[PDB]
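Student: Here's a sequence, model it:
(chains A and B)
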Amino acid sequence: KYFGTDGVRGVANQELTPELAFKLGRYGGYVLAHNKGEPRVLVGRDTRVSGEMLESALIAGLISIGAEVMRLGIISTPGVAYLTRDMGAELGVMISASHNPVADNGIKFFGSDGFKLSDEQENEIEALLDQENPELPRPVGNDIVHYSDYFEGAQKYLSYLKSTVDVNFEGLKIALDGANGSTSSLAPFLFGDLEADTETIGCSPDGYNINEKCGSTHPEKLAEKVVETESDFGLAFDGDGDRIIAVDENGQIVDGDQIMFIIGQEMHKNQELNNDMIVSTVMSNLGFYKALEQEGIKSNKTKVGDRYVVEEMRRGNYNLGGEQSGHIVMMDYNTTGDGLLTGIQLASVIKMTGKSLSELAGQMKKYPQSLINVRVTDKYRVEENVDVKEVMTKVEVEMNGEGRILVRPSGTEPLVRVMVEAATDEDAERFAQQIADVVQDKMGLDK
Amino acid sequence: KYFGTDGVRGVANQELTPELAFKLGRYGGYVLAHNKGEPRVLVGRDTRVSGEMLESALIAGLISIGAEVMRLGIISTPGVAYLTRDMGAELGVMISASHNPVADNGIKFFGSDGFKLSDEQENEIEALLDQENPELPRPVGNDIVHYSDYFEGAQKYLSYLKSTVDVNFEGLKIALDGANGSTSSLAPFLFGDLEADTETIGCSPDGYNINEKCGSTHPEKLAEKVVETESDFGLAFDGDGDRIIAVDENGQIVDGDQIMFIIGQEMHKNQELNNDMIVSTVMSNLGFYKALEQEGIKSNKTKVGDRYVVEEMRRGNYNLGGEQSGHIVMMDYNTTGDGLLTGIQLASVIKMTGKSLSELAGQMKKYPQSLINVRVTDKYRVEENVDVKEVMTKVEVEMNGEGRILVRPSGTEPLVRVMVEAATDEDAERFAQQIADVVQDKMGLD
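Tutor: Numbering: from 1, shown residues only, chains lettered A, B, ... in the order given. Structure data below:
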């Protein structure tokens, strides 16, 4: 299967080749081009050098079927999602591998509604990939259209982001890390235009340095800068700009759960939070759930992955959801995780309250976590297994209520993931080992 | 066999697909550009839509191989050839189909020396196209290079063209037809910068109007303009600007043969002509050859085609050669047929003498041409046939000096081309039909 969890990803020029990018543009176009005359498609990318070669290969595929291609250049993945629906386009494509290093690259698609592709269409694309020679339209002469360069899209996206906040950031000092990625050209202008004084790092891309000791994945240098410049707070983005991780005034790190809590707290007070609930994955820390209970906010847990958070939010029409990693979705403004949008909305809360990030983030304490992997036969049996159930109960019994345990299998791998959250590092490691031991003896294929 | 007479030509997205353009960039790049670590290749195109689509596919092939691509945008084919030599670039690529209509497009390659590919280089590329899975370099990470835009090149090409002339064009009013091609943005500036007054048509390309009722192939619209604007003369260009056709004061057409004669005449007296000779194809009219006898110029005849003209020019190092179609090569300045260069050099001769085109064109008379194609059973028996030999032999005797018949079979298709050039139309058809009648009786179809 070419399509993975989040589009088609591989190492650029061997696993993900220009020939594949051409096929994805031609086939992906036709699947999305059987429903409109003279299809309009927009394509964006991040700062990887391999994006230039893949884009030209992809654009050739889109043109070869008759589409009107609109090159956005360097833009964040949410920018593609927003522009696609706002311009009424049939499809949007983002070329990026997010946090992965420069060698890797990927191709992501967006529908006319700003959402990821439907699986029936994803499979139809793959069915065309299976055919050695599929007959397809071959427009000639006047039937081919001129593509256009839509340099306006980046600022049109930025102006929309500016519209969401209702106050400027004067009096705030903010440090930004663009991860040498698509945000490098967007975050300095966006916050600078809102009157915030800015200190920047990771905003000098060269085509090979994306996500190199910078970004949401590596926030240390940012925390170093925030303390050095005595800034009020700092924000770190990833290569394609769908995730954000924050740093407070003292250099402590604020994860997605805390950011989700701060923003959901303010939405709750203003009664803009839909159904007084926040969607999230179970991987979020226990302290996050208890803080939501204190604030009277119902919590909904879903399986790990962007697919399921957004899936759940659409089903019930919830306006806020996200993951601990920093991938946070605000339905009222965008249809996918947007680090830039989440960043300004966080800064808005800091401006209105007159507080600091450490105080707003300090509202919830994160319990220590211990994680263990056990290579088992058949992953469904684990929680049906009697011995596994009983030790979990004992562990559950021993913690009066101060902690929780999670036993989940990973779809990518053939092993189970033992997650324990407890009051103390030593407790968390101990309950995890007790549970992992029981699984290892009775479920360890790879004993 | 993908390669034709002038590179790979076909209808864009049907005969030649972006998939093919990708392979030509990937395979052609490896074969022709790899004697340096990060080869530098230059890419240009004309105004046709699909030039955008084929370019992106080609550039992907070049990058996937490790090349440093430098886009030139819209430029004439000689511009690519000239720039490739001046920049020390490993290879140059031009995306165009020349005079052909908008639907067609093509890919032509240039070596570091500014010359088209050798048949050996042509053969090697086709072998890679045939291989099911050839293992070629696949650079990853830092190994891939950034492509770049060299739009500055177009003005450097124009400044170089200005350098070739030693005098201005003040006092001249010139009409230009750009064929909605690459010359559309270059010829008005080039002649205007030389102080000539300009009236232009066919300089409004929209991607679908190239070579549409204008250009070297269609000079009727320009000749109309020359008379109406009361201009001294007019110049017509093709889609990719490797050909030139001129129009006199009265609207008559001046072909490549006459343009070659005018330019070679001035070179000869000034002794700029190397070995006092001009290279040309057999397709050239006899009046061109007779005028060369009146002057002190020798002449070499070669097989039809751009390649063979320049090939002969390199072997003996002659500086002037061309075709009747308007594809003319000036070795001292460029390595391929350049319509813009020839346009300046033609006008340059006019200003120095102070004469007009009609007087310069009248130096040679064009004998009327009659062309007939006959379906045959085969051609390799047609030259041997006695009845054909007998009518042709009778023809050689009847015209002691009246002209010449040329009989040339096509390997491509099973017909014989019967061409006769004679003093009067009435003579030629007496020879053209008589010969074609004899050929028709013997082969083709019972």
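Student: where do the helices sit along the stretch 201-350 of chain A?
Tutor: Secondary structure of the stretch 201-350 of chain A (DSSP state H, counting those that start in this stretch): helices at A:220-229, A:256-269, A:286-294, A:306-316, A:339-353.
Student: okay if I get these as JSON lines plus mean neighbour count?
Tutor: (Each C-beta comes from the backbone N, C-alpha and C, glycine too.) Output for the helices of the stretch 201-350 of chain A, formatted as JSON lines (neighbours: other C-beta atoms under 10 Å in any protein chain shown):
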{"stretch": "helix A:220-229", "mean neighbour count": "18"}
{"stretch": "helix A:256-269", "mean neighbour count": "23"}
{"stretch": "helix A:286-294", "mean neighbour count": "17"}
{"stretch": "helix A:306-316", "mean neighbour count": "17"}
{"stretch": "helix A:339-353", "mean neighbour count": "22"}
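Student: Quick one: closest of the ones you listed to residue A:361.
Tutor: Among those, helix A:256-269 comes nearest to residue A:361, with 4.5 Å by C-beta to C-beta.
Student: Quick one: residues in contact with that closest one.
Tutor: Contacting residues not belonging to helix A:256-269 are listed as A:243-246, A:273, A:276, A:278, A:280, A:284-285, A:287-288, A:291-292, A:295-297, A:319-320, A:322-328, A:330, A:342, A:345-346, A:349, A:352, A:360-361, A:363-364, A:366 [C-beta atoms under 8 Å, 6 or more residues apart in numbering or on different chains].
Student: So which of those sit within strands?
Tutor: The strands, defined by DSSP state E, take in A:244, A:245, A:246, A:278, A:280, A:320, A:322, A:328, A:330 from the contacts of helix A:256-269.
Student: Apart from its neighbours in sequence, what residue is nearest the residue in chain A sticking out farthest from the centre?
Tutor: For chain A, the C-alpha lying farthest from the average C-alpha position belongs to residue A:141; by C-alpha atoms, centre = their mean, that distance is 41.7 Å. In space, not counting the residues next to it along the chain, residue A:141 is nearest to residue B:103; the distance is 4.0 Å by C-beta to C-beta, 6 or more residues apart in numbering or on different chains.
Student: Present the ones in strands among the contacts of helix A:256-269 as a markdown table; the columns should include neighbour count.
Tutor: A markdown table is the format used below for the ones in strands among the contacts of helix A:256-269 (neighbours: other C-beta under 10 Å):
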| residue | neighbour count |
| --- | --- |
| A:244 | 29 |
| A:245 | 27 |
| A:246 | 28 |
| A:278 | 31 |
| A:280 | 27 |
| A:320 | 24 |
| A:322 | 29 |
| A:328 | 30 |
| A:330 | 20 |
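Student: give the contact list for the residue farthest from the centre of chain A.
Tutor: By C-beta under 8 Å, 6+ apart, the residues touching residue A:141 are B:102, B:103, B:208.
Student: Chain B versus the residue nearest the centre of chain A, what's the distance?
Tutor: Chain A has residue A:327 as the residue nearest its centroid, 3.7 Å off, counting by C-alpha atoms, centre = their mean. Residue A:327 is 26 Å from chain B, where distance means C-beta to the nearest C-beta, to the nearest Å.
Student: Report the contact partners of that residue.
Tutor: Counting by C-beta under 8 Å, 6+ apart, residue A:327 makes contact with A:242, A:243, A:256, A:306, A:309, A:337.
Student: Tell me how far the second one lies from chain B.
Tutor: Residue A:243 is 23 Å from chain B, where distance means C-beta to the nearest C-beta.
Student: okay, now residue A:365: neighbour count?
Tutor: Residue A:365 has 11 neighbours, counted by other C-beta atoms under 10 Å in any protein chain shown.
Student: was I right about it contacting residue A:287?
Tutor: Yes. At 4.8 Å, residue A:365 and residue A:287 qualify as touching, with contact defined as C-beta atoms under 8 Å.
Student: thinking again about what came up before, and of the contacts of residue A:141, the nearest to chain A?
Tutor: Among these, residue B:103 lies closest to chain A (C-beta to the nearest C-beta), at 4.0 Å.
Student: Mind listing the residues bridging to residue A:245?
Tutor: For residue A:245, the beta-bridge partners are residue A:236 (DSSP bridges).
Student: Oh, that last question was meant for residue A:4, not what I typed.
Tutor: Under DSSP bridges, the beta-bridge partners of residue A:4 are residue A:7.
Student: tally of neighbours for it?
Tutor: Residue A:4: 11 surrounding residues under other C-beta under 10 Å.
Student: likewise the one 10 residues further on?
Tutor: As a burial measure, the neighbour count of residue A:14 was computed by other C-beta under 10 Å and equals 11.
Student: Residue A:8 now?
Tutor: Burial of residue A:8 is recorded as 24 neighbouring residues (other C-beta under 10 Å).
Student: Now do the contacts for it.
Tutor: Counting by C-beta under 8 Å, 6+ apart, residue A:8 touches A:2, A:16, A:20, A:24, A:106, A:107.
Student: let's go with 7 Å and repeat that
Tutor: Neighbouring residues of residue A:8 by C-beta atoms under 7 Å, 6 or more residues apart in numbering or on different chains: A:2, A:16, A:24, A:106, A:107.
Student: How about residue A:140?
Tutor: Counting by C-beta under 7 Å, 6+ apart, residue A:140 touches B:11, B:12, B:13, B:14, B:103.
Student: how near is residue A:385 to chain B?
Tutor: Look at residue A:385 and chain B: by C-beta to the nearest C-beta, they are 44 Å apart.
Student: Surely that residue is in contact with residue A:442?
Tutor: Yes. Residue A:385 sits in contact with residue A:442 when judged by C-beta atoms under 7 Å, with a separation of 6.2 Å.
Student: any idea how far chain B is from residue A:99?
Tutor: Relative to chain B, residue A:99 is positioned 16 Å away (C-beta to the nearest C-beta).
Student: Report the contact partners of that residue.
Tutor: Residues near residue A:99 by C-beta under 7 Å, 6+ apart: A:211, A:215, A:216, A:217, A:238, A:239.
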